[PDB]
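Colleague: Let me begin by handing over the structure; questions about it come next.
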Amino acid sequence: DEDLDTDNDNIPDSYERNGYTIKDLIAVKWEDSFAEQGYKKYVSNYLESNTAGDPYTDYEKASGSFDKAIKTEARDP
Amino acid sequence: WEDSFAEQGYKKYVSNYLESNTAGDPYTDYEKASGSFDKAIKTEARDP
Amino acid sequence: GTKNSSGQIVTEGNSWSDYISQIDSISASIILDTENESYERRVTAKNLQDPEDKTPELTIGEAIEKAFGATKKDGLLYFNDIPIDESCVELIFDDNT
Numbered sequence: 216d217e218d219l220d221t222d223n224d225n226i227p228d229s230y231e232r233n234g235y236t237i238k239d240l241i242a243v244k245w246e247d248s249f250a251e252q253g254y255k256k257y258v259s260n261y262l263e264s265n266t267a268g269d270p271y272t273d274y275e276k277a278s279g280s281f282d283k284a285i286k287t288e289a290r291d292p
Numbered sequence: 245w246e247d248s249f250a251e252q253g254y255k256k257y258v259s260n261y262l263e264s265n266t267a268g269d270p271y272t273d274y275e276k277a278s279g280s281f282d283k284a285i286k287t288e289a290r291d292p
Numbered sequence: 488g489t490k491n492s493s494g495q496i497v498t499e500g501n502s503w504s505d506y507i508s509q510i511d512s513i514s515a516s517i518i519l520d521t522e523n524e525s526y527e528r529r530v531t532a533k534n535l536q537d538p539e540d541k542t543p544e545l546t547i548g549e550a551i552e553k554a555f556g557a558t559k560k561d562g563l564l565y566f567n568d569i570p571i572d573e574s575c576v577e578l579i580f581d582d583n584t
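Residue numbers (UniProt numbering), protein chains in the order written: chain A, 216 to 292; chain B, 245 to 292; chain C, 488 to 584.
Take a look at the structure:
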């Protein structure tokens with residue numbers, strides 16, 4: 216179930232469908248018992264990598280290990 | 245180090261194992277003992 | 488300065504400027520002022536907002552113990568046989584802190 220054409224390192228179904236969550240540096244399906252945990256939901260694209268035109272791509276931007284001076288509301292893609 | 249080496253003219257050197265550049269020189273230990281590294285170095289700077 | 492595999496170090500193109508801002512996004516700034524000297528350190532913190540991060544955290548007494556090389560002597564803290572307690576010094580906060 217990994218038919219992502221662009222090689223942006225994620226579930227293409229979780230790209231197109233309901234969402235996902237970066238957790239433990241890995242891509243898990245969005246459970247609806249995650250808001251009380253403090254996690255959020257992100258929605259992205261599969262047909263291209265840099266879905267916001269940032270110089271950082273999707274897996275670089277969700278898992279915040281890319282620049283620690285970035286304000287945290289700029290973490291969702 | 246044999247103790248019959250002083251009369252031969254050789255000396256004894258003592259060094260370190262947990263790091264390489266044991267004096268902070270730009271030359272390391274095997275480069276500094278066997279003097280094949282810079283021939284303008286004064287010979288008392290050969291021991292590490 | 489940074490040493491490569493070649494055994495020497497190289498200091499070229501390694502700016503300290505693009506390591507400024509990152510540190511000042513994550514750290515708390517603690518300064519000490521004695522009678523002749525002064526020391527400014529940055530100690531790393533732990534965000535409580537987002538739950539994915541795992542940074543080990545401590546308290547301000549343990550922070551001053553860890554930042555400076557501070558010896559715990561009999562409950563007190565000592566820095567070069569100078570006592571630093573919660574009562575034997577003078578603390579200064581800015582208004583937000």
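Beta carbons: idealized from backbone N, C-alpha and C, even for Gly.
Cutting at 6 Å between CB atoms, please list the residues of its own chain near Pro227/A, excluding the five before and the five after it.
Modeller: Cβ neighbours of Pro227/A beyond the five flanking positions: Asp218, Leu219 and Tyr261.
Colleague: With DSSP run on the structure shown, which of helix, strand or coil describes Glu246/B?
Modeller: Looking at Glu246/B - three-state DSSP - the assignment turns out to be coil, as it is neither helix nor strand.
Colleague: Taking one C-beta from the segment 533-547 of chain C and one from the segment 250-264 of chain A each time, how about it: are there three or more such pairs within less than 8 Å?
Modeller: Segments in contact, yes.
Colleague: In chain A, which residues lie with their C-beta within 8 Å of the C-beta of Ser502/C?
Modeller: The premise fails here: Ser502/C is roughly 16 Å from chain A at the closest Cβ pair, so nothing lies under 8 Å.
Colleague: Could you list which residues in chain C have their beta carbon closer than 7 Å to that of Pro270/B, in chain order?
Modeller: Going along chain C in sequence order, the residues near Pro270/B (Cβ under 7 Å) are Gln495.
Colleague: Helix, strand or coil: how does DSSP classify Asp520/C here?
Modeller: Three-state DSSP puts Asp520/C in a strand.
Colleague: Restricting to Cα atoms, I'd like to know which of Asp582/C, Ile569/C, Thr584/C and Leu545/C is closest to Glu522/C.
Modeller: Of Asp582/C, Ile569/C, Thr584/C and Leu545/C, the residue nearest in Cα terms is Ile569/C.
Colleague: Apart from the five residues just before and just after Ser259/A, which ones in its own chain have a Cβ nearer than 6 Å to its Cβ?
Modeller: Closer than 6 Å at the Cβ level, and outside the excluded window around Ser259/A, lie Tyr230, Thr266, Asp273 and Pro292.
Colleague: How is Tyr271/B classed by DSSP in three states: helix, strand or coil?
Modeller: Three-state result, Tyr271/B: coil.
Colleague: So is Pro538/C in contact with chain A if we call contact Cβ pairs under 8 Å?
Modeller: Judged by the 8 Å Cβ criterion, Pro538/C is in contact with chain A.
Colleague: Does any C-beta atom of chain C lie closer than 8 Å to the C-beta of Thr287/A?
Modeller: For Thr287/A, the answer is yes, since a Cβ of chain C falls inside 8 Å of its Cβ.
Colleague: Are the C-beta of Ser516/C and some C-beta of chain A separated by less than 8 Å?
Modeller: Not one chain A Cβ lies under 8 Å of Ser516/C.
Colleague: Taking the alpha helix (DSSP H) that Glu552/C belongs to, which residues open and close that run?
Modeller: Here the alpha helix (DSSP H) through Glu552/C covers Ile547 to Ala554.
Colleague: Got a sec, what are the start and stop residues for the alpha helix (DSSP H) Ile513/C sits in?
Modeller: Run containing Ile513/C: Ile507 to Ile513, per the alpha helix (DSSP H) assignment.
Colleague: Does the CB of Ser574/C have a neighbour CB from chain A at under 8 Å?
Modeller: False, the Cβ-Cβ gap to chain A never drops below 8 Å.
Colleague: Classify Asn583/C: buried if its beta carbon has 16 or more other beta carbons within 10 angstroms, exposed otherwise.
Modeller: The residue in question, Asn583/C, is exposed, as its Cβ has fewer than 16 Cβ neighbours within 10 Å.
Colleague: Could you tell me which of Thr558/C, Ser514/C, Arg528/C and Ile496/C sits nearest to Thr542/C, measuring between CA atoms?
Modeller: Of the candidates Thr558/C, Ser514/C, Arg528/C and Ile496/C, the one whose C-alpha sits nearest the C-alpha of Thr542/C is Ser514/C.
Colleague: For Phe566/C, list the residues DSSP reports as bridge partners.
Modeller: According to DSSP, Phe566/C bridges with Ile569/C.
Colleague: Helix, strand or coil for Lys490/C? Go by DSSP, reduced to three states.
Modeller: Strand at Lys490/C.
Colleague: So which residues of chain A does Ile513/C contact, with C-beta pairs closer than 9 Å?
Modeller: By Cβ distance, chain A contributes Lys283 and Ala284.
Colleague: Check each residue of the segment 242-258 of chain A: if its Cβ is closer than 8 Å to any Cβ of chain C, include it; give the result in chain order.
Modeller: Hits within the stretch, in order: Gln252, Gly253 and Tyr254.
Colleague: Using the rule of at least 16 other Cβ atoms within 10 Å of the residue's Cβ for burial, across every protein chain shown, is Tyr257/B buried or exposed?
Modeller: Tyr257/B should be labelled exposed.
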